[PDB]
Amino acid sequence: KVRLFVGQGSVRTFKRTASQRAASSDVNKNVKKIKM
Amino acid sequence: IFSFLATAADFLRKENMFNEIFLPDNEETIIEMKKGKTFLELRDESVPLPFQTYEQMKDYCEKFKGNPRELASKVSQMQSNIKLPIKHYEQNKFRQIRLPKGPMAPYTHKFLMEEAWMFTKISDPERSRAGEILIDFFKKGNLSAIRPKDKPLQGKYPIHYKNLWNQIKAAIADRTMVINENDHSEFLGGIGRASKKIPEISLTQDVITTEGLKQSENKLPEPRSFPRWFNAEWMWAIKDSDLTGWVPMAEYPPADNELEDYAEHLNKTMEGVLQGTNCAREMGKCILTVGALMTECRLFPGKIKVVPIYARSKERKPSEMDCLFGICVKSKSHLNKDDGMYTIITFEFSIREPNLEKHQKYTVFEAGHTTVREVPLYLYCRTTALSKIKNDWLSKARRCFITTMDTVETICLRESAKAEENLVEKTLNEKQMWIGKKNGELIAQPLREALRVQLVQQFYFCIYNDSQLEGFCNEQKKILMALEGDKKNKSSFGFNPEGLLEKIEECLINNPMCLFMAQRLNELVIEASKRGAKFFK
Amino acid sequence: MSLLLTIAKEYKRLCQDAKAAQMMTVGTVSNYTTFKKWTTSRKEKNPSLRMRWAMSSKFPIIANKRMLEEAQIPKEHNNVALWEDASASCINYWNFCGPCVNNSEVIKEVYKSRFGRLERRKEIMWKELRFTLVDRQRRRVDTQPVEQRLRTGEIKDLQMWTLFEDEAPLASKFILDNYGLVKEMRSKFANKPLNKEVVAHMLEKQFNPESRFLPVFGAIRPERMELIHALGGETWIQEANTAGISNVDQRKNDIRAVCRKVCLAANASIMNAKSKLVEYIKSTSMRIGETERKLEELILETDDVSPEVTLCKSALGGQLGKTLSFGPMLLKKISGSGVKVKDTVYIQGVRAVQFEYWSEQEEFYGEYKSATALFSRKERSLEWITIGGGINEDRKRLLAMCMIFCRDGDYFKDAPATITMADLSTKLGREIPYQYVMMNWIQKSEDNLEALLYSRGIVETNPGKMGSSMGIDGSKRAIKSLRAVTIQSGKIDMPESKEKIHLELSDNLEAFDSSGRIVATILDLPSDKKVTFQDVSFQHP
Amino acid sequence: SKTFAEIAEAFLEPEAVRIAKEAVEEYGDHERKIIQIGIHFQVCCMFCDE
Amino acid sequence: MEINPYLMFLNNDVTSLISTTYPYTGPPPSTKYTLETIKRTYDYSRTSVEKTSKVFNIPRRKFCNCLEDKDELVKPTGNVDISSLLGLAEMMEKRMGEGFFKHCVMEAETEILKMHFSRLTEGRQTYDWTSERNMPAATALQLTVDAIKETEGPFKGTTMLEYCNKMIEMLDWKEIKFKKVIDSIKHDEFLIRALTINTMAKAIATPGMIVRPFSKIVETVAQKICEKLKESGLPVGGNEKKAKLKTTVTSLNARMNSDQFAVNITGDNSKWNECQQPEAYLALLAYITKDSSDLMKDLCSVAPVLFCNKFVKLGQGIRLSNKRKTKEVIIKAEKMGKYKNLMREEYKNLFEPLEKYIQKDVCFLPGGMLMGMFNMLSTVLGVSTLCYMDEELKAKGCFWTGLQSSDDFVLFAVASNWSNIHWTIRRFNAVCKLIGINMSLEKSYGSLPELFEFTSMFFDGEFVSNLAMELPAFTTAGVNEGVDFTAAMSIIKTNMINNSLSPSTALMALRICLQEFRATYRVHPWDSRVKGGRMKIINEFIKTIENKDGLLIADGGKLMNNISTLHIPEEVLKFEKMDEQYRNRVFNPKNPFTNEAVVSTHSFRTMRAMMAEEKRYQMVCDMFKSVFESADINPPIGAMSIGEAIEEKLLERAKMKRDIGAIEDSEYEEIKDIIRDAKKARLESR
RNA sequence: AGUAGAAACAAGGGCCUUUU
């Protein structure tokens, strides 16, 4: 973990682990389930 | 979750939607205009007469239903209690415009055009400044011969003008173009003839009695009859000046395509034709003299500088030439504000006797003799006024070339397209344009010679522009459209032409151009009545 | 360095104050923008006069002292007041002789747009000026050839991530996706002495296709529209060949072909056509010049008003223009309203087939190849049509497709004998309405088209109206002509509206737009064709 | 971008937009909240992470 | 001979020469005017019904639904029948479609909410309710926000709605403070001062800053409505309305039957503003806002009442003088009543009837409109009339359409006989009279097809571009050397594309602009002989400058630009030739002096209490830009305050430069200690 | 004196506010 200034007037915290799952796929699946 | 939330907050902060409004909590879920006691107290007082509270008006409007029977009945009842007149012009013709009555309109342009007599001297590139030219002209000694007589031919305040002329000559002799503040300069420049403000807190009925006090009795302008001398100026301005290249110009650029060659050939022809006239001499005289006066009022305000009335030209095919039409001076031009006011004074030469009706403004002084043989002289001493805006526009009077070229190429391209061939030289040389009447007949001359008339028209629009000419040229369009309708047998009509003519005749006062153009418009409708309708004699 | 210490001392001095401290402490940083307006607010009515006024002044110019001292340029080389201790003349001295920058070849990259303009203009072979009354149509177009056209948000991120990285915002999706463009821009403008704001503004102009509503004649290509002023006016035409400059039509054409291919693939799945289409779109890309771009972003950026793109934009959820379609034809509703109303049509003897027809007055602009129209319908009848095209065949085809659009004519009441129930519907288990059947009928053979035109009443060309009349072969004038078919000269000006409508699509690829209207369908595309796509990636089994 | 739904589709997936829209219509509340509810719904679906 | 220039109209088309009439080649060119306007407004309202308000205790004439004195109706009447107006609104709604207005108010509400309150700064001059003077929008906004801050507490709001709710609260407040060389004012004086609308003599109104946001909201609704309508042309300009007219005329010539024959009428409404009432606008906005959120209902309802209660300031008063005019007294409007005897009979007759309405240096006006305020809402109200259609017209086979913009319209009537044409026109006049909209009988005219006029654009088979209107544009703005010539060329290009300017006219204007450019900056060609210090230095050093062609126009250059190269600045065409040393010096990035333009050396930069605040904001912004180099292009956003951002960024920069760059641990510690001290001082101070 | 319009200027503050 590490804190870091980002852009302007934003201090955030970043962790060096790639976590970008598909958002579209999961949302679509849940929406299809909602129709049963 | 945290990456999604970060992106979302960035995309909200970007749009100014990161507030409670769009992102409220559970409780703060009721956003509403903060209705105040006074705002309601007023809104409940603006509701129309039938209603007495905004609630009734809203309840009546939200449920409003259409009843076309009542609406149509009311429309017909309003259509009957009106009786809108409709007047086809063919039956109800346009009576001739009535022009005001009184003495002839007098000359008003700053610098004499027709009368003005000029002195030439070979150009010196090194000495190109205004003062440098004036000094060089003074040194030959022809200028120093002038010695006006005490008695003027006409006009008023002679002594002041004579004293100022002597003072100017002394200034130039000293090579310092600064005039001192004396009684004559003070009176002509009105240095102290500005009414002094009186406070109201220091006022009393006794003070009112001691000196009369009443609301200013606004002295509206007075009416002046048609000028009989304008035609002479036009005809003179449509003649060559024995010199060419009076107005400066840029250098034509290269060319790559046929279109550019055509544009450059037409522009060359028009510029060559238009550079030899006299109107263009006045364009040059205005551009240079006002440029100098602009660059003096900017630098030396509070000092009554001396500026010449001059121009630069070129002998026909050769050397160049500096001309000196006259001399000007400018009283204090302390232009603290836009659209200011600063009196100037203009001396100008002539070889002609002054008309009483025309040259009412001027105060001439016969001044010895001049060679060409010997001829008498006449020193025309005016006292006019100018502003910033008039200065800038006169200094940008070169605009007229654009308009004239646009009209000429709007006629030539249209005539060429109907035949699908380059018909410009033929149109220019041959196409006949009526330019007046002589001996009861309609004179006509090719376009190449009516460019001069068009240019003079645009120049005079620049010179005599005022509210009157604006209103006139805005209200005459209806008549021209009616004329076109008559030409094509389109049964035009109107509701109240008499009011239109009244509006027009209201804006005809003491401005030669308006009056002259109106008389010409009447002569036009008359000549067309022979081949058309909708106009009375 | 020491400058840093000066900045810190300045900050300390400001914070020592009370008011500045308050305004800095309170609120967020956005307040800066606001404050940026409360200061330095002053304009002038006539700037030209003011400039002439000021230039005359003894010392009009303003110059920093440290720059002049560093330059070590004479104070007055020849008794000229360059500065007290500045005149305009000073600049001349600098230009003619003075400190020289190491190289000025970077300017060609900063203003790549204008150098591109000059480079394109140098390759135009001018043919011949002619004179004639040119027919000009007022339509929206684009006047700047641009590669990889983007939106303002992407452009803003591109500037920040190419100039100010230390103050870059959190990494966006676009920046990750399009890293070759960011790298290319970064390399040229990194570690360079430059006015950063100027470069940013020029990159903004670089990526913005200037769209304008102008009169136009001839082909429509940005390469011409940028200099249309020097090609022709209302009365003249300067012929010139501009075909081979900044080809932008081949990539648009390829994009439309790809959308057609994917839309035709994804019609097989009756149950899951939509999902298959989206998956097919996402798992595909294509190369543009040097970079490789994802098809979805290209579709979002594009402005091709075509059923393929319209459908894809709907599927992804992109909003699109208020533009209808009917086959290879274009439409635009100027006015009117209506509501669906079913009516039967007997195909052969007695075979009822239902078809829906609107019921209200409705004006419609139309546009087929080299032809245009402004027709109107009313309660299942073509009220009138005014054409301003220039080709006989395009005129006839436009009129026929318009008649079909409004389901006018007897054939809709009593179908032609030729058409059969096999072709009426269910080519692949999906019903095909009557109108598209008639469209296929007319395309199939010219004779059917002639029969359809005959269906509309024919009258005798009255006197005077001879010029405003159209025969069966699209004649300008004849002795007998189609009923209520006005004709004029000059293309009908295309309307305009800056509106954005959300529209969904059905399981059968029927794009609804918040009302019954069918904006587009898969049954208004070329049947099929084989193509070899270059520099494309169909990463799907 | 003249209506809220377009602004939500800028970052939110259009499906969640349609969902929150239907939800607002059923409740009858202002549509200005199409964004907030959409965000919440997305968080849950993404939260699940299959 | 007697030369006459009009004779060219005898045998040549009138449009192809109408430009010659416009005197646009020359320079163009209180209380009496305002009093006459007030009187005409109170007269047009034909009724005499007067209520009495309690807040102001001023008789309030009601200009709606009280029509009387139906004499000489031809003249302008300012009474409105809300029933008729609502019926016309229903007709327009029906034609457009179901729920036509809800989508519009939705598209407006989508913006009114997220709008930043700094947008108000971009507007014409607005009256200031503190100094009682006209002032640019930004200064007035800053002044009133400082008054708010001094009164109760800093305005934390950042959006339009918060600002409006704070104005509504400010109306209630008994006292309001505001800075001055710091007077305080009671509720009633600020209540009057908020509504007060000044005037500028360019005439045109100047409403207070309290009313500006509500006006923006109403205008935004009117705009989103008008843009949809195809029978209006106010938002659009140039080509768009011409294309509209062409489509309209085609539709007309197609619809009309053979028996039917069309007519046109160029109309120019009169007293547009004087006869429009904001109460009809109030009712109309209520009808439009019948289904949408109550929020838009109130927000829209606000501006009409404010305008229906708007005071109007009398400016500069009368001037007194003696016979010789030596002396001269000045008197303001407030004291006019005292010296009522000392005025001309006409001025007294005009003033005396309004004394009851008159309040100190103001005259309460319960209605009327002023120039520029509600252009698009009146345009909508007037387009409503064209839609009208009734049984009688269809029975007689008559129908009228048209195209109206603000106070200027075009009408297209159709019928089968002139006896019916006249009746149709009278019907139109009546329906327009029912809602105040009048028509001038003198300036308005008609004719058979294909001869009309609309906003100074004359129409026939063709449409002659006026060109006169665009002549003033052919001037050098006067910003700098690089910008001026390119801007002029771009103006010429636009005029060529739209106003169908000819090529030779373009070349002449280009040469004229180049010569005025050479004259203003006191520059002249190298080969010319306009001696000057600049010119002499140029000439000697031009021997050193090897390439004559590449020389810049400002540096004794020559014109290398034409019709086919107007879309390319000179700096670009001459780049190749430009001498290497000359090019390097000309475009050296760092120099003392150093928007489709190139940035070169030629670019040069050439009531105090307020200056103090301006310098404070200037310093803050200046040093925030000093730290952050991307402050202007991309508006900052975050949760940190300015101080916190500066603190952290400065510390990070110091650490980066101590790590590698030329800084010593001593220097880094000194700077960091300074920063800590500054932070402590800032927080502790206030 | 003069300008122009439907009112304003005819300097204002305490000594200051040359190249078409």
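Residues numbered from 1 in each chain as written, not as in the entry; some residues may be left out. Chains lettered and ligands numbered in written order. Part of a larger assembly, values for the part shown. Heavy atoms only, no water.

Its PDB record attributes the structure to cryo-EM, giving the resolution as 3.2 Å.

Chain C appears in the PDB entry as Polymerase basic protein 2 from Influenza C virus. Within the Protein Data Bank, this record goes by the title "Influenza C virus polymerase in complex with human ANP32A - Subclass 2". According to the UniProt record, the Subunit comment for chain C is "Influenza RNA polymerase is composed of three subunits: PB1, PB2 and PA. Interacts (via N-terminus) with PB1 (via C-terminus). Interacts with nucleoprotein NP (via N-terminus). Interacts with host ANP32A (via C-terminus); this interaction promotes viral RNA synthesis." The heading Sequence similarities in the UniProt record of chain C holds the text "Belongs to the influenza viruses PB2 family." (UniProt positions renumbered as here; feature names shortened; annotations may be inferred.)

Asker: Mind showing me how you'd approach the nonpolar core here?
Answerer: Soluble globular proteins tend to pack their nonpolar side chains together in the buried interior. Counting 231 residues, the largest nonpolar core has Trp234(B), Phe347(B), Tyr460(B) and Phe472(B) as the members making the most contacts within it. Among the domains, domain 1 (123-149 + 210-244) and domain 2 (150-209) of chain C are the pair contributing at least three residues each to this core. In this view, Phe472(B) contacts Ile504(B), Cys507(B), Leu508(B), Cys514(B), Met517(B), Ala518(B), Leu521(B) and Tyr6(E); residues no more than four positions away in its chain are not counted. Counting 180 residues, the second-largest nonpolar core is a separate cluster that includes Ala72(B), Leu84(B), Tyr163(E) and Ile435(E). (Core = buried A, V, L, I, M, F, W, Y, C linked by side-chain atoms within 4.5 Å. Buried < 20%, exposed > 50% of the residue type's maximum accessible area, 1.4 Å probe, protein only. Domains from an automatic or database assignment. Contact = heavy atoms within 4.5 Å.)

Asker: Honestly, the pairing of strand 17 (residues 408-415) of chain E in this entry has me stumped. Any pointers?
Answerer: Successive residues of a regular strand alternate their side chains across the two faces of the sheet. Residues and elements named next belong to chain E. Buried residues dominate strand 17, accounting for eight of its eight residues. Residues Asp 408, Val 410, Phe 412 and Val 414 line one face of strand 17 and the alternating positions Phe 409, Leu 411, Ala 413 and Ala 415 line the opposite face, and both faces are buried. Looking at chain direction, strand 10 (residues 261-267) and strand 17 are connected through seven bridges and run antiparallel. Counterpart to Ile 265 in the pairing with strand 17 is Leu 411. Sheet topology note: the strand 16 (residues 399-405)/strand 17 ladder contains seven bridges and is antiparallel. Its bridge partner lying in strand 17, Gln 404 is registered against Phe 409. (Helix = DSSP H or I, 4+ residues; strand = E, 2+ residues; numbered from the N terminus. Pairing = 2+ DSSP bridges.)

Asker: Honestly, the protein's contact with RNA strand F in this entry has me stumped. Any pointers?
Answerer: Around RNA strand F, 45 residues are found, and the nearest of them are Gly190(B), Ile191(B), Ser467(B), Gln316(E) and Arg319(E). Here RNA strand F approaches the protein such that, of its atoms within 4 Å, sugar and phosphate make up 53%. One of the backbone N or O atoms of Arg193(B) is found 3.3 Å from a base nitrogen in RNA strand F. Contact distances for RNA strand F include 3.1 Å between a base nitrogen and a backbone N or O atom of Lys531(E). (Near = heavy atom within 4 Å. Polar contact = N/O pair within 3.5 Å; in protein donor to acceptor, adjacent residues only side chain to side chain.)

Asker: Would you mind showing me how to read the environment of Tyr347(E) here?
Answerer: Here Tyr347(E) is to be found in helix 13 (residues 345-351). The sequence separation of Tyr347(E) and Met296(E) amounts to 51 residues, and the corresponding C-alpha distance is 45 Å. Residues contacting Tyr347(E), with those up to four places away along its chain left out, are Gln215(B), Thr31(E), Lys32(E), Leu35(E), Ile318(E) and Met336(E).

Asker: Explain the sheet that holds strand 18 (residues 445-447) of chain E to me, please; I cannot follow it from the model alone.
Answerer: Each strand in a sheet pairs with another by means of backbone hydrogen bonds, the pair being arranged parallel or else antiparallel. Ordered by their spatial adjacency, six strands build an open sheet running 1(B)-16(B)-18(E)-10(E)-17(E)-16(E), and the pairing between neighbours is antiparallel. Of all strands in the sheet, those bounded by a partner on one side alone are strand 1 (87-88) of chain B together with strand 16 of chain E. The pairing of strand 10 of chain E with strand 18 of chain E spans three bridges and is antiparallel. Note on strand 18 of chain E: the bridge partner recorded for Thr266(E) is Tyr445(E). Sitting on the sheet, helix 14 (residues 375-387) of chain E is in contact with strand 16 and strand 17 of chain E, with an inclination near 165° to strand 16 of chain E. (Axes fitted to C-alpha atoms, helices over the stretch in contact; angles between N-to-C directions.)

Asker: What is the right way to look at helix 14 (residues 400-417) of chain B in this model?
Answerer: Since one α-helical turn is 3.6 residues long, residues separated by three or four positions face the same way. For helix 14 of chain B, with 18 residues, the first-to-last C-alpha span of 26 Å sits near the 26 Å given by 1.5 Å per residue. For helix 14 of chain B, the buried fraction is high: 16 of the 18 residues fall into the buried class. (Expected span 1.5 Å × (residues − 1).)

Asker: Is there a simple way to think about the domain arrangement of chain C in this case?
Answerer: Often the size quoted for an interface is simply the accessible area lost on bringing the parts together. Residues and elements named next belong to chain C. Assigned domains of chain C: these are domain 1 (123-149 + 210-244), domain 2 (150-209), domain 3 (245-322) and domain 4 (323-490). For domain 1 versus domain 2, the distance between C-alpha centres works out to 32 Å. Every contact between the two is made by eight residues of domain 1 and, on the other side, seven residues of domain 2. Summed over both partners, the interface of domain 1 with domain 2 comes to about 670 Å²; 49% of that surface belongs to carbon and sulfur atoms. (Buried area = accessible area lost by both parts, 1.4 Å probe.)

Asker: Teacher, can you tell me more about the side chain of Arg395(C) here?
Answerer: Residues and elements named next belong to chain C. Position of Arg 395 among the secondary structure elements: in helix 18 (residues 392-405). For the buried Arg 395, no salt bridge is present, and the opposite-charge side chain at shortest range is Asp 394, 7.9 Å distant. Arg 395 has contacts with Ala 371, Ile 387, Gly 389, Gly 390, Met 470 and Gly 474, leaving out every residue within four places of it along the chain. (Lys, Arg positive; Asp, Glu negative; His and termini not counted. Salt bridge = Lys/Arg side-chain N within 4 Å of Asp/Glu carboxyl O.)

Asker: Is there a simple way to think about the pattern of salt bridges in this case?
Answerer: A side chain of one charge can pair with a side chain of the opposite charge if their charged atoms are brought near each other. Scanning all chains against the criterion turns up 92 salt bridges over all chains. The partner of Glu301(C) in a salt bridge is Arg293(C), with the nearest N and O atoms 3.0 Å apart. The same class applies to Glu301(C) and to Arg293(C), which are both buried. When the shortest N-O distance is used, the salt bridge between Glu50(E) and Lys356(E) registers 3.2 Å. One network of salt bridges, with partners in common, ties together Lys121(B), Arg127(B), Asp136(B), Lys139(B), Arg312(B), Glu320(B) and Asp322(B).

Asker: Teacher, can you tell me more about the interface of chain A and chain D here?
Answerer: Contacts between the two partners involve eleven residues from chain A and, on the opposite side, ten residues from chain D. Of the roughly 940 Å² buried between chain A and chain D, counting both surfaces, carbon and sulfur atoms make up 57%. Of all residues in chain A, the largest losses of buried area upon contact with chain D belong to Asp26(A), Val27(A) and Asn30(A), amounting jointly to 46% of the total for that side. For the interface between chain A and chain D, the tally reads zero salt bridges. Here the side of chain A that touches chain D is built from residues that sort into four nonpolar, three polar and four charged. (Nonpolar A, V, L, I, M, F, W, Y, C, P; charged D, E, K, R; others polar.)

Asker: What is the right way to look at the interface of chain B and chain E in this model?
Answerer: Between chain B and chain E, the contact holds 156 residues from the first and 159 residues from the second. Where chain B meets chain E, there are seven salt bridges. The partner of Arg520(B) in a salt bridge is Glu2(E), and the shortest N-O contact between them spans 3.2 Å. Linking chain B with chain E are 43 residue pairs in polar contact, by the criterion used here.

Asker: Looking at this model, I keep getting lost on a negative patch on the surface. Mind explaining?
Answerer: Taken together, the side chains of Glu217(B), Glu345(E), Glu346(E), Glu352(E) and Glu355(E) present a region of like negative charge at the surface. Taking the relative accessible area as the measure of exposure, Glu352(E) reaches 40% and is therefore partly exposed. (Patch = residues over 30% accessible without salt bridge, like charges linked within 9 Å, V, L, I, M, F, W, Y side chains within 5 Å. Areas by Shrake-Rupley, 256 points an atom, 1.4 Å probe, with all protein chains shown as cover. Charge placed at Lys NZ, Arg CZ, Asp CG, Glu CD.)

Asker: Looking at this model, I keep getting lost on the environment of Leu469(B). Mind explaining?
Answerer: Its place among the elements puts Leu469(B) in helix 17 (residues 467-475). Apart from residues no more than four positions distant in its own chain, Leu469(B) is found in contact with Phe461(B), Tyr464(B), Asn511(B), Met513(B), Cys514(B) and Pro23(E).

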